[PDB]
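[1] before I ask anything, here's the sequence and the deposited coordinates:
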Amino acid sequence: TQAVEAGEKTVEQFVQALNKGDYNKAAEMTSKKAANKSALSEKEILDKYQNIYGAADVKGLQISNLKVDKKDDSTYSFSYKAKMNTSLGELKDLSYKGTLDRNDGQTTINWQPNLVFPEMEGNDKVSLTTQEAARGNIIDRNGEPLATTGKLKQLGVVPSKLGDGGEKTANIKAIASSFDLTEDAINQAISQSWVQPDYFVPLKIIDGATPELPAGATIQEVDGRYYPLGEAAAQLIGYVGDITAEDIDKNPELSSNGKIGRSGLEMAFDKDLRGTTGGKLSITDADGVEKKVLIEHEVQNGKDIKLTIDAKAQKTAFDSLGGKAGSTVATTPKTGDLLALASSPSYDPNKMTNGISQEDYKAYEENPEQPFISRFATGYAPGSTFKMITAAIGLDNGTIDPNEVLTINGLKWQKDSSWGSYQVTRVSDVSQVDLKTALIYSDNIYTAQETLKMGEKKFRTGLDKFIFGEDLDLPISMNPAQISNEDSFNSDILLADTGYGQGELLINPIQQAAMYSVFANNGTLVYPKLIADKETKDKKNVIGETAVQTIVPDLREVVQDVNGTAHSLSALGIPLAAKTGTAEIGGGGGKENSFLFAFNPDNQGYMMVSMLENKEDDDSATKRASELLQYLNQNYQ
């Protein structure tokens, strides 16, 4: 058993070297080239493994059921089952056999071609045929395409037909002025290292009508990924890019010639959209006749994925932001169907997947407003819109009397002199403020007082009945909401700030639309839903129905009362219950975020949560919501 265990260690080190891709380390574990020992030399074994395993993208060689005994005084036989992953799938149940050589004081492997693949002999070759799978489509709730593989117009130039001296400079300026291109960019494209005099040098993709083609201009039809909404859904859908040799090392089942999702849903649903590579991995004879077929299966195209998004609401919600930093979430609050997940500013995903320059990509990454951010999935302080939750909690535990009137003098207020210079600030100097008045005028001092009067324990008890700390079942990279950094505020100031929603709270717009959905389901929290076919999961008795039937009538007045903060939305003439909010936030000035929550209190057909990050002066989310509220009130009742 002394040499048997030394032989078992030799087989394990040989497999481990093949599994790690170190073929030279595995080849040096073989005996000398002979007839009763190894078949090839060490350098020939290296080239055979590197060519065969490299062509099939073999990765993850692991063995089992290893048995090593003894055949002669110096020969030990070994056998084992093995498994490996290739570019066509998993090779399961591979019976490997061989012999060892115990000359000198170390044990080597009598290498044979059957150690590459089980039934290989002599000068047998390995052939791999593959068929690329078509990437599945991403569609909205009504079948409209959001991410599709279609035909594109590739506008390029042939430098031979461009001219010589003077005529070449005139045609470059003619194409640059006819397709809105830079004159120096066309010269740089035709002067790269890969360019030859007659090579078709691609320039840009034409997503419309093709104008007149001057001398040297030509258009060719190529197939690629196309995003109809473009930047309107760039953060949600994402983009796909060319698969690199490093991506194949991570997952061999990818197509070493296709596309892979880099961000958004194209990446979160990459496996379900890319399908499976079809083809056949066969062992051929010395010429080219197949002996045995190892792996073979038909190509399967990627399955289409249907979202709850509305293609027209996603475009309207994005355009309403006007390119400013912000986000908008539109849901059907009774089922959680995410009708729109807009984020602004945004990037062009079509330009991203169809060749983007280093300057345009650097302009996206170094933009101070950061268009790459999925703002609907980024945690923010909910702002003074959070009064609705604090009030509903205050009504459930009997802390807040809807008819009790607090006397507030001025625009600033603090509990004691222990607060130092900090004071809760409000915008409207209303002396007699009750619950309805504080919701109409968005009075933070009222909310700050009722929160301290409620206490931390009773406040967290009502907050814990929501979705704080929960990871939502959504294919969107997202962190769970939090009430504070730790489980205790340990500060009356932080408790009051959390009352009107700007302490250490972190709730992204999707999680906000889930928490605010209780006012459309009589206190029942309906979780958001992005996939059209999934079931509607809900959370009952989050707040009392009494608080819903008390705050929702006041939220109507936030729109209808002439001093309401959302009174500009009464121009719509539709049943609206809204609530505005602001949040004061590395240097800089008053980084203020304008929020807006609004829904239909008559039919609960739609719910909207929009916000503007670092708002400009005189700008607000309420000013930009008139267009989206009309479409949601018309098509979602």
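    Arrived safely, thanks for sending. Numbering: from 1, shown residues only.

[2] hey, let's count contacts and neighbours off CA atoms from now on
    Will do.

[3] for residue 134, see how far away residue 217 is.
    Counting by CA to CA, to the nearest Å, the gap from residue 217 to residue 134 is 31 Å.

[4] no, scratch that, I was asking about residue 404
    Plainly put, residue 404 is 65 Å away from residue 134 if you go by CA to CA.

[5] got it, and residue 490?
    Distance from residue 490 to residue 134, by CA to CA: 56 Å.

[6] who has more neighbours out of the two?
    Applying other CA atoms under 10 Å to residue 490 and residue 134 shows that residue 134 carries more neighbours, namely 19 against 10.

[7] right, and the more buried one touches residue 275 too?
    Yes. Here residue 134 reaches residue 275: they are 7.1 Å apart, a contact under CA atoms under 8 Å.

[8] quick check: neighbours shared by these two?
    Both residue 134 and residue 275 are in contact with 301-302, where contact means CA atoms under 8 Å, 6 or more residues apart in numbering.

[9] could you chop this structure up by domain?
    Domain assignment for the chain by automatic domain parsing gives 2-122, 148-225, 230-303, 311-635.

[10] which one of those domains lies closest to residue 130?
    Closest to residue 130 of the domains of the chain is domain 230-303 (CA to CA; 4.2 Å).

[11] distance from the closest one to the middle of the chain?
    Computed by CA atoms, centre = their mean, to the nearest Å, the chain-centroid distance of domain 230-303 equals 19 Å.

[12] how far does it stretch from one end to the other?
    22 Å.

[13] for residue 517, what are phi and psi?
    Per-residue torsions, residue 517: phi -70, psi -10 (degrees, to the nearest 10).

[14] that one contacts residue 525, correct?
    Yes. Contact criterion CA under 8 Å: residue 517 and residue 525 qualify, at 5.7 Å.

[15] I'd say residue 620 and residue 582 touch.
    No. Using CA under 8 Å, residue 620 is not in contact with residue 582, being 9.3 Å away.

[16] what about the two, which has more around it?
    Neighbours around residue 620 and residue 582, counted as other CA under 10 Å, are more numerous at residue 582. The numbers are 25 against 22.

[17] quick one: contacts for residue 196?
    Here residue 196 is in contact with residue 159 (criterion: CA under 8 Å, 6+ apart).

[18] against residue 154, how distant is it?
    Separation of residue 196 from residue 154 (CA to CA): 18 Å.

[19] with residue 456 instead?
    From residue 456 to residue 154 the distance is 62 Å (CA to CA).

[20] do the same with residue 78
    Relative to residue 154, and taking CA to CA, residue 78 is found at 58 Å.

[21] check residue 39 too.
    From residue 39 to residue 154 the distance is 53 Å (CA to CA).

[22] start and end of stretch 608-625, how far apart?
    End-to-end for stretch 608-625, by CA to CA: 9 Å.

[23] buried sites along it?
    Going by neighbour count (16 or more other CA atoms under 10 Å), the buried part of stretch 608-625 is 608-615, 620-622, 624-625.

[24] so which of those comes closest to residue 246?
    Of these, the one sitting nearest to residue 246 (CA to CA) turns out to be residue 613, at 37.1 Å.

[25] the closest one contacts residue 585, correct?
    No. Look at residue 613 against residue 585 with CA under 8 Å: they stay out of range, at 10.1 Å.

[26] shared neighbours, these two?
    In contact with both residue 613 and residue 585: 592-593, using CA under 8 Å, 6+ apart.

[27] helices along the stretch 1-150 of the chain, start to end?
    2-19, 23-27, 42-55 (DSSP state H, counting those that start in this stretch).

[28] tell me the helices and strands packed up against the longest one.
    Applying 3 or more CA pairs under 8 Å, 6 or more residues apart in numbering; DSSP states H and E, we find helix 2-19 packed against helix 23-27, strand 59-68, strand 108-110.

[29] so can I have a markdown table of the ones you listed showing distance to residue 478 and mean neighbour count?
    Formatted as a markdown table, the helices and strands packed on helix 2-19 follow (distance: least, CA to CA, whole Å; neighbours: other CA atoms under 10 Å):
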| stretch | distance to residue 478 | mean neighbour count |
| --- | --- | --- |
| helix 23-27 | 42 | 21 |
| strand 59-68 | 31 | 16 |
| strand 108-110 | 52 | 26 |
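
[30] nearest to residue 321 among these would be which one?
    strand 59-68 (47.8 Å).

[31] mind listing what that closest one pairs with, with the direction of each?
    strand 75-86 (antiparallel) (DSSP bridges).

[32] what do residue 620 and residue 582 both touch?
    594-595.

[33] residues near residue 554, how many?
    By other CA under 10 Å, neighbour count at residue 554 equals 22.

[34] got the helices and strands packed on helix 2-19 as CSV, with distance to residue 168 columns?
    Shown next, in CSV, are the helices and strands packed on helix 2-19 (distance: least, CA to CA, whole Å):
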stretch, distance to residue 168
helix 23-27, 53
strand 59-68, 51
strand 108-110, 66
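
[35] of the ones you listed, which is nearest residue 418?
    Closest to residue 418 of the helices and strands packed on helix 2-19 is strand 59-68 (CA to CA; 64.3 Å).

[36] just how off-centre is the closest one within its chain?
    Distance, centroid of strand 59-68 to centroid of chain: 37 Å (CA atoms, centre = their mean).

[37] so which of the helices of the stretch 1-150 of the chain is the most packed in?
    Highest mean neighbour count among these (mean count of other CA atoms under 10 Å): helix 23-27, with a mean of 21.

[38] for that helix, the distance to its chain's centre please.
    Centroid separation for helix 23-27 versus its chain: 40 Å, with CA atoms, centre = their mean.

[39] packing partners of that helix?
    If you count contacts as 3+ CA pairs under 8 Å, 6+ apart, helix 23-27 packs onto helix 2-19, helix 42-55.

[40] for the first one, give me every contacting residue.
    Contacting residues not belonging to helix 2-19 are listed as 23, 25-26, 29, 59-63, 66-70, 76, 100, 102, 107-109 [CA under 8 Å, 6+ apart].

[41] at 7 Å instead, please
    Helix 2-19 is contacted by residues 23, 25-26, 29, 59-61, 68-69, 107-108 when judged by CA atoms under 7 Å, 6 or more residues apart in numbering.

[42] angle of it against strand 75-86?
    Counting by axes from the mean of the first three to the mean of the last three CA atoms, to 10 degrees, helix 2-19 points 20 degrees away from the direction of strand 75-86.

[43] got the angle between helix 2-19 and helix 42-55?
    Using the same axes, to 10 degrees: helix 2-19 against helix 42-55 is 50 degrees.

[44] send the alpha carbons of helix 2-19 over as CSV?
    Coordinates of the C-alpha atoms in helix 2-19 are reproduced here as CSV (Å, rounded to 0.1, in the frame of the first residue of the first chain):
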residue,chain,number,x,y,z
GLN,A,2,3.1,2.2,0.2
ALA,A,3,3.5,2.5,-3.5
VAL,A,4,-0.3,2.4,-4.1
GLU,A,5,-0.8,5.6,-2.1
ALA,A,6,2.2,7.2,-3.9
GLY,A,7,0.5,6.3,-7.1
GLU,A,8,-2.9,7.7,-6.0
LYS,A,9,-1.1,10.9,-5.2
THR,A,10,0.5,11.0,-8.7
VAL,A,11,-2.9,10.6,-10.4
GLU,A,12,-4.4,13.3,-8.2
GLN,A,13,-1.6,15.8,-8.9
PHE,A,14,-1.9,15.0,-12.6
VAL,A,15,-5.6,15.7,-12.7
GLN,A,16,-5.2,18.8,-10.5
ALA,A,17,-2.5,20.1,-12.9
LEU,A,18,-4.9,19.6,-15.9
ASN,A,19,-7.8,21.2,-13.9
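
[45] appreciated, that's everything.
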